[PDB]
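The next block is final.pdb, given as PDB, C-alpha atoms and all ligand atoms.
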ATOM      1  CA  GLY A  18      41.210  -3.886 -35.979
ATOM      2  CA  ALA A  19      39.552  -7.185 -36.782
ATOM      3  CA  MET A  20      38.668  -7.742 -33.250
ATOM      4  CA  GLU A  21      36.166  -4.996 -33.149
ATOM      5  CA  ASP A  22      34.531  -7.011 -35.968
ATOM      6  CA  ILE A  23      34.559 -10.188 -33.822
ATOM      7  CA  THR A  24      33.363  -8.399 -30.681
ATOM      8  CA  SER A  25      30.533  -6.917 -32.657
ATOM      9  CA  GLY A  26      29.700 -10.307 -34.254
ATOM     10  CA  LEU A  27      29.376 -11.680 -30.795
ATOM     11  CA  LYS A  28      27.101  -8.864 -29.609
ATOM     12  CA  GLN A  29      24.826  -9.361 -32.633
ATOM     13  CA  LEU A  30      24.652 -13.142 -32.056
ATOM     14  CA  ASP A  31      23.844 -12.584 -28.401
ATOM     15  CA  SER A  32      21.056 -10.212 -29.322
ATOM     16  CA  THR A  33      19.562 -12.771 -31.758
ATOM     17  CA  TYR A  34      19.957 -15.476 -29.082
ATOM     18  CA  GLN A  35      18.055 -13.435 -26.484
ATOM     19  CA  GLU A  36      15.308 -12.662 -28.919
ATOM     20  CA  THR A  37      15.013 -16.302 -30.119
ATOM     21  CA  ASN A  38      14.849 -17.404 -26.523
ATOM     22  CA  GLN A  39      12.198 -14.763 -25.712
ATOM     23  CA  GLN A  40      10.083 -15.870 -28.673
ATOM     24  CA  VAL A  41      10.383 -19.539 -27.643
ATOM     25  CA  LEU A  42       9.430 -18.932 -24.010
ATOM     26  CA  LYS A  43       6.479 -16.793 -25.104
ATOM     27  CA  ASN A  44       5.382 -19.684 -27.365
ATOM     28  CA  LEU A  45       5.681 -22.210 -24.531
ATOM     29  CA  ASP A  46       3.700 -19.967 -22.189
ATOM     30  CA  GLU A  47       0.948 -19.741 -24.783
ATOM     31  CA  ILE A  48       0.974 -23.500 -25.510
ATOM     32  CA  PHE A  49       0.696 -24.493 -21.851
ATOM     33  CA  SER A  50      -1.503 -21.504 -20.817
ATOM     34  CA  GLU A  59      -1.609 -33.565 -33.576
ATOM     35  CA  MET A  60       0.399 -31.403 -35.928
ATOM     36  CA  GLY A  61       0.018 -28.785 -33.214
ATOM     37  CA  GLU A  62       1.260 -31.375 -30.737
ATOM     38  CA  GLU A  63       4.351 -32.219 -32.738
ATOM     39  CA  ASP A  64       4.995 -28.470 -33.120
ATOM     40  CA  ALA A  65       4.591 -27.879 -29.400
ATOM     41  CA  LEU A  66       7.063 -30.691 -28.710
ATOM     42  CA  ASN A  67       9.544 -29.278 -31.284
ATOM     43  CA  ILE A  68       9.287 -25.938 -29.548
ATOM     44  CA  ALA A  69       9.884 -27.415 -26.083
ATOM     45  CA  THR A  70      12.905 -29.209 -27.587
ATOM     46  CA  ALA A  71      14.199 -25.872 -28.957
ATOM     47  CA  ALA A  72      13.697 -24.292 -25.506
ATOM     48  CA  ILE A  73      15.838 -27.070 -24.076
ATOM     49  CA  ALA A  74      18.601 -26.607 -26.679
ATOM     50  CA  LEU A  75      18.509 -22.838 -25.986
ATOM     51  CA  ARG A  76      19.004 -23.379 -22.228
ATOM     52  CA  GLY A  77      21.592 -26.107 -22.668
ATOM     53  CA  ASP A  78      23.822 -26.740 -25.699
ATOM     54  CA  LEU A  79      23.429 -23.208 -27.098
ATOM     55  CA  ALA A  80      24.088 -21.550 -23.704
ATOM     56  CA  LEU A  81      27.309 -23.577 -23.659
ATOM     57  CA  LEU A  82      28.138 -22.285 -27.130
ATOM     58  CA  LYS A  83      27.553 -18.748 -25.857
ATOM     59  CA  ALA A  84      29.739 -19.252 -22.788
ATOM     60  CA  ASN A  85      32.456 -20.654 -25.017
ATOM     61  CA  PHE A  86      32.433 -17.631 -27.335
ATOM     62  CA  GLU A  87      32.501 -15.357 -24.260
ATOM     63  CA  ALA A  88      35.478 -17.075 -22.630
ATOM     64  CA  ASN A  89      37.245 -16.797 -25.929
ATOM     65  CA  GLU A  90      36.511 -13.070 -26.273
ATOM     66  CA  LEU A  91      37.831 -12.385 -22.744
ATOM     67  CA  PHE A  92      40.942 -14.394 -23.480
ATOM     68  CA  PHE A  93      41.502 -12.478 -26.696
ATOM     69  CA  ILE A  94      41.539  -9.395 -24.419
ATOM     70  CA  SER A  95      44.084 -10.630 -21.775
ATOM     71  CA  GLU A  96      46.342 -12.585 -24.165
ATOM     72  CA  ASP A  97      46.289  -9.507 -26.377
ATOM     73  CA  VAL A  98      47.893  -7.779 -23.391
ATOM     74  CA  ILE A  99      50.540 -10.470 -23.239
ATOM     75  CA  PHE A 100      51.405 -10.223 -26.960
ATOM     76  CA  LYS A 101      51.585  -6.390 -26.823
ATOM     77  CA  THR A 102      54.178  -6.520 -24.015
ATOM     78  CA  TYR A 103      56.712  -9.152 -22.959
ATOM     79  CA  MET A 104      55.818 -11.350 -25.922
ATOM     80  CA  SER A 105      55.988  -8.493 -28.447
ATOM     81  CA  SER A 106      59.723  -8.716 -29.209
ATOM     82  CA  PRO A 107      62.820 -10.719 -28.250
ATOM     83  CA  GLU A 108      64.356  -7.674 -26.470
ATOM     84  CA  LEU A 109      61.246  -7.278 -24.261
ATOM     85  CA  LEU A 110      60.913 -11.046 -23.687
ATOM     86  CA  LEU A 111      64.517 -11.281 -22.502
ATOM     87  CA  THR A 112      63.979  -8.216 -20.315
ATOM     88  CA  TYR A 113      60.865  -9.827 -18.811
ATOM     89  CA  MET A 114      62.774 -13.043 -18.092
ATOM     90  CA  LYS A 115      65.555 -10.990 -16.455
ATOM     91  CA  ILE A 116      63.102  -9.277 -14.110
ATOM     92  CA  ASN A 117      61.384 -12.634 -13.499
ATOM     93  CA  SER A 131      77.689 -20.512 -19.505
ATOM     94  CA  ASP A 132      76.999 -16.752 -19.703
ATOM     95  CA  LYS A 133      74.262 -14.828 -17.894
ATOM     96  CA  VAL A 134      72.454 -13.839 -21.084
ATOM     97  CA  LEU A 135      72.369 -17.202 -22.854
ATOM     98  CA  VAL A 136      70.335 -18.344 -19.835
ATOM     99  CA  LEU A 137      68.043 -15.349 -20.392
ATOM    100  CA  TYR A 138      67.350 -16.589 -23.928
ATOM    101  CA  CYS A 139      66.784 -20.041 -22.428
ATOM    102  CA  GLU A 140      64.078 -18.519 -20.236
ATOM    103  CA  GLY A 141      62.566 -16.559 -23.135
ATOM    104  CA  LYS A 142      62.291 -19.621 -25.381
ATOM    105  CA  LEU A 143      60.782 -21.519 -22.479
ATOM    106  CA  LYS A 144      58.200 -18.750 -22.004
ATOM    107  CA  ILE A 145      57.279 -18.778 -25.714
ATOM    108  CA  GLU A 146      56.788 -22.551 -25.517
ATOM    109  CA  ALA A 147      54.602 -22.174 -22.403
ATOM    110  CA  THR A 148      52.512 -19.467 -24.059
ATOM    111  CA  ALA A 149      52.005 -21.581 -27.199
ATOM    112  CA  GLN A 150      50.970 -24.487 -25.011
ATOM    113  CA  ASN A 151      48.429 -22.381 -23.096
ATOM    114  CA  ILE A 152      46.998 -21.084 -26.350
ATOM    115  CA  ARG A 153      46.732 -24.660 -27.783
ATOM    116  CA  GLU A 154      44.926 -25.825 -24.680
ATOM    117  CA  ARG A 155      42.468 -22.981 -25.010
ATOM    118  CA  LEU A 156      41.856 -23.568 -28.711
ATOM    119  CA  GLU A 157      41.404 -27.338 -28.018
ATOM    120  CA  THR A 158      38.883 -26.611 -25.294
ATOM    121  CA  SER A 159      37.016 -24.206 -27.583
ATOM    122  CA  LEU A 160      36.967 -26.623 -30.560
ATOM    123  CA  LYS A 161      35.664 -29.372 -28.252
ATOM    124  CA  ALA A 162      32.910 -27.149 -26.830
ATOM    125  CA  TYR A 163      31.747 -26.140 -30.314
ATOM    126  CA  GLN A 164      31.915 -29.765 -31.617
ATOM    127  CA  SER A 165      29.842 -30.986 -28.636
ATOM    128  CA  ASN A 166      27.270 -28.260 -28.708
ATOM    129  CA  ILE A 167      26.645 -27.172 -32.291
ATOM    130  CA  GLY A 168      24.238 -30.095 -32.856
ATOM    131  CA  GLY A 169      21.706 -28.420 -30.598
ATOM    132  CA  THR A 170      21.089 -25.793 -33.300
ATOM    133  CA  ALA A 171      19.219 -28.372 -35.474
ATOM    134  CA  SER A 172      16.315 -28.088 -33.072
ATOM    135  CA  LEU A 173      15.739 -24.446 -34.064
ATOM    136  CA  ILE A 174      15.271 -25.526 -37.672
ATOM    137  CA  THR A 175      12.952 -28.406 -36.613
ATOM    138  CA  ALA A 176      10.880 -26.043 -34.437
ATOM    139  CA  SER A 177      10.410 -23.474 -37.247
ATOM    140  CA  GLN A 178       6.772 -23.272 -38.328
ATOM    141  CA  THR A 179       7.268 -21.492 -41.676
ATOM    142  CA  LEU A 180      10.027 -21.327 -44.281
ATOM    143  CA  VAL A 181      10.616 -17.696 -43.234
ATOM    144  CA  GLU A 182      11.247 -18.699 -39.615
ATOM    145  CA  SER A 183      13.456 -21.565 -40.821
ATOM    146  CA  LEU A 184      15.450 -19.032 -42.924
ATOM    147  CA  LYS A 185      15.920 -16.734 -39.944
ATOM    148  CA  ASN A 186      17.116 -19.626 -37.703
ATOM    149  CA  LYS A 187      19.439 -20.847 -40.436
ATOM    150  CA  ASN A 188      20.954 -17.338 -40.717
ATOM    151  CA  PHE A 189      21.442 -17.359 -36.961
ATOM    152  CA  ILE A 190      23.274 -20.703 -37.249
ATOM    153  CA  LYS A 191      25.449 -19.538 -40.173
ATOM    154  CA  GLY A 192      26.340 -16.550 -37.978
ATOM    155  CA  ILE A 193      27.356 -18.885 -35.141
ATOM    156  CA  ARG A 194      29.588 -20.826 -37.506
ATOM    157  CA  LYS A 195      31.164 -17.583 -38.923
ATOM    158  CA  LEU A 196      31.978 -16.296 -35.489
ATOM    159  CA  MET A 197      33.573 -19.677 -34.715
ATOM    160  CA  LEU A 198      35.665 -19.551 -37.914
ATOM    161  CA  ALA A 199      36.908 -16.081 -36.859
ATOM    162  CA  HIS A 200      37.798 -17.210 -33.330
ATOM    163  CA  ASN A 201      39.780 -20.172 -34.712
ATOM    164  CA  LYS A 202      41.623 -17.745 -36.987
ATOM    165  CA  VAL A 203      42.467 -15.620 -33.939
ATOM    166  CA  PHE A 204      43.909 -18.545 -31.915
ATOM    167  CA  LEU A 205      45.939 -19.855 -34.830
ATOM    168  CA  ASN A 206      47.222 -16.328 -35.516
ATOM    169  CA  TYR A 207      48.598 -16.253 -31.986
ATOM    170  CA  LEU A 208      50.438 -19.511 -32.683
ATOM    171  CA  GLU A 209      51.877 -18.252 -35.977
ATOM    172  CA  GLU A 210      53.084 -15.016 -34.286
ATOM    173  CA  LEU A 211      54.814 -17.099 -31.628
ATOM    174  CA  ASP A 212      56.543 -19.131 -34.380
ATOM    175  CA  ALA A 213      57.872 -16.009 -36.077
ATOM    176  CA  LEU A 214      58.985 -14.725 -32.667
ATOM    177  CA  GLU A 215      60.915 -17.920 -31.972
ATOM    178  CA  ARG A 216      62.684 -17.523 -35.333
ATOM    179  CA  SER A 217      63.572 -13.914 -34.442
ATOM    180  CA  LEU A 218      64.664 -14.774 -30.902
ATOM    181  CA  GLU A 219      67.088 -17.383 -32.255
ATOM    182  CA  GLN A 220      68.418 -14.995 -34.898
ATOM    183  CA  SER A 221      68.980 -12.345 -32.210
ATOM    184  CA  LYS A 222      70.652 -14.955 -29.989
ATOM    185  CA  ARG A 223      73.022 -15.932 -32.820
ATOM    186  CA  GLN A 224      73.794 -12.270 -33.486
ATOM    187  CA  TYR A 225      74.489 -11.785 -29.763
ATOM    188  CA  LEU A 226      76.847 -14.759 -29.502
ATOM    189  CA  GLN A 227      78.606 -13.512 -32.633
ATOM    190  CA  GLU A 228      79.097 -10.112 -30.968
ATOM    191  CA  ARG A 229      80.498 -11.682 -27.797
TER     192      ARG A 229
HETATM  193 CL    CL B   1      51.437 -24.668 -32.488
END
Could you write out this file's structure as structure tokens?
Amino acid sequence: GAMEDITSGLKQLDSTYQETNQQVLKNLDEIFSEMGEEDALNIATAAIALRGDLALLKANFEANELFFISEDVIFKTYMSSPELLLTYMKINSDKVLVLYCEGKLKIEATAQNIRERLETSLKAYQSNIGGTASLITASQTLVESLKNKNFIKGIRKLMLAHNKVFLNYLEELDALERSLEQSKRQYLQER
């Protein structure tokens, strides 16, 4: 649904990245065939950011997109309802209370894995976003600066969407814990 949107956002950003990188390497090849010197240095600096910090941004977005795939599998299956969670615990005081024990434990473990992923992603963005300044500094005209700034705004928008996705997982797990406890109460009441 909204994940086609995010996948697409990523493909667009990647395309702009490849083209920015192509343009920069072409420019370096031409340069190395005082205002011009400062510009050449700004461009080499951009080439470095593109290979380094910004490649790390790209890898981060990619790891997230893959995860959104596999974790989506998890949430559409054994994590999709209390009944199916309990069943999953069964295949892998009372004999059913313990099953709920296992289910709640699995929810907790899932939330923890999601938090660790989100933390890693937030850290990668925080550490690498600063490298985008160099694309602004290397711009030779206000038009080029505008295009680079749009690219950067796009990077931030994609990041805002990914954070929404992670937090949405956590919220779903919270609702599911509520429901699992309500179902557990209802079960005990019927036994
Ligand atoms: Cl949480």
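Distances from A:48, A:197, A:81, A:23 to residue 162 (chain A) were compared using only C-alpha atoms, and the smallest one belongs to A:81.
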Expressed in Å, the length from CA of residue 211 (chain A) to CA of residue 93 (chain A) is 14.9 Å
Dump as a count of residues only all residues having an atom at most 12 Å from (63.8, -15.6, -33.0), computed in the file's coordinates with all atoms listed in the file. 28
Using only C-alpha atoms and all ligand atoms, can you tell me which of A:228, A:154, A:36, A:182 comes closest to ligand CL 1 (chain B)? A:154
Determine the nearest neighbour of ligand CL 1 (chain B) from the options A:185, A:195, A:161, A:153, counting all atoms listed in the file.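 Result for the nearest residue to ligand CL 1 (chain B): A:153.
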Resolved residues for the PyMOL selection byres (((not hetatm)) within 10 of (chain B and resi 1)) as a PDB file with C-alpha atoms, keeping the file's coordinate frame:
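In the end it all went to result02.pdb:
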ATOM      1  CA  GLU A 146      56.788 -22.551 -25.517  1.00  0.00           C
ATOM      2  CA  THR A 148      52.512 -19.467 -24.059  1.00  0.00           C
ATOM      3  CA  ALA A 149      52.005 -21.581 -27.199  1.00  0.00           C
ATOM      4  CA  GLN A 150      50.970 -24.487 -25.011  1.00  0.00           C
ATOM      5  CA  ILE A 152      46.998 -21.084 -26.350  1.00  0.00           C
ATOM      6  CA  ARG A 153      46.732 -24.660 -27.783  1.00  0.00           C
ATOM      7  CA  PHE A 204      43.909 -18.545 -31.915  1.00  0.00           C
ATOM      8  CA  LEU A 205      45.939 -19.855 -34.830  1.00  0.00           C
ATOM      9  CA  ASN A 206      47.222 -16.328 -35.516  1.00  0.00           C
ATOM     10  CA  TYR A 207      48.598 -16.253 -31.986  1.00  0.00           C
ATOM     11  CA  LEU A 208      50.438 -19.511 -32.683  1.00  0.00           C
ATOM     12  CA  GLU A 209      51.877 -18.252 -35.977  1.00  0.00           C
ATOM     13  CA  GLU A 210      53.084 -15.016 -34.286  1.00  0.00           C
ATOM     14  CA  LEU A 211      54.814 -17.099 -31.628  1.00  0.00           C
ATOM     15  CA  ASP A 212      56.543 -19.131 -34.380  1.00  0.00           C
TER      16      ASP A 212
END
Run the PyMOL selection byres (((chain A and resi 50-74) around 10) and not hetatm) on the file and write out the hits as number ranges by chain. A: 37-42, 44-49, 75-81, 166-178
Among the residues A:201, A:89, A:186, A:158, the one that comes closest to residue 24 (chain A) [using only C-alpha atoms]: A:89
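Put simply, CA of residue 29 (chain A) is 16.5 Å away from CA of residue 88 (chain A).
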Separation of CA of residue 90 (chain A) from CA of residue 35 (chain A) in Å: 18.5 Å
Kindly output region 60-73 of chain A as a compact mmCIF listing (two decimals), in the coordinates of the input, after building N, CA and C atoms.
# COMPACT_ATOMS: atom_id res chain seq x y z
N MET A 60 -0.68 -32.18 -35.33
CA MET A 60 0.40 -31.40 -35.93
C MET A 60 0.81 -30.36 -34.90
N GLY A 61 -0.19 -29.73 -34.29
CA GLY A 61 0.02 -28.78 -33.21
C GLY A 61 0.76 -29.40 -32.04
N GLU A 62 0.59 -30.71 -31.84
CA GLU A 62 1.26 -31.38 -30.74
C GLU A 62 2.73 -31.58 -31.04
N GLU A 63 3.00 -32.03 -32.26
CA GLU A 63 4.35 -32.22 -32.74
C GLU A 63 5.10 -30.88 -32.75
N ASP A 64 4.41 -29.81 -33.16
CA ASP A 64 5.00 -28.47 -33.12
C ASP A 64 5.29 -28.03 -31.70
N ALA A 65 4.33 -28.23 -30.80
CA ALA A 65 4.59 -27.88 -29.40
C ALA A 65 5.82 -28.62 -28.87
N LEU A 66 5.92 -29.91 -29.17
CA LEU A 66 7.06 -30.69 -28.71
C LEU A 66 8.40 -30.19 -29.34
N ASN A 67 8.37 -29.84 -30.62
CA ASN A 67 9.54 -29.28 -31.28
C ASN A 67 9.98 -27.99 -30.63
N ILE A 68 9.00 -27.19 -30.24
CA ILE A 68 9.29 -25.94 -29.55
C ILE A 68 9.85 -26.14 -28.14
N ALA A 69 9.33 -27.12 -27.40
CA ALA A 69 9.88 -27.42 -26.08
C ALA A 69 11.33 -27.91 -26.24
N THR A 70 11.56 -28.69 -27.29
CA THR A 70 12.90 -29.21 -27.59
C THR A 70 13.88 -28.05 -27.90
N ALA A 71 13.43 -27.10 -28.70
CA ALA A 71 14.20 -25.87 -28.96
C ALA A 71 14.49 -25.11 -27.67
N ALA A 72 13.50 -25.00 -26.78
CA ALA A 72 13.70 -24.29 -25.51
C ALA A 72 14.81 -24.97 -24.70
N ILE A 73 14.78 -26.30 -24.71
CA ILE A 73 15.84 -27.07 -24.08
C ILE A 73 17.23 -26.85 -24.70
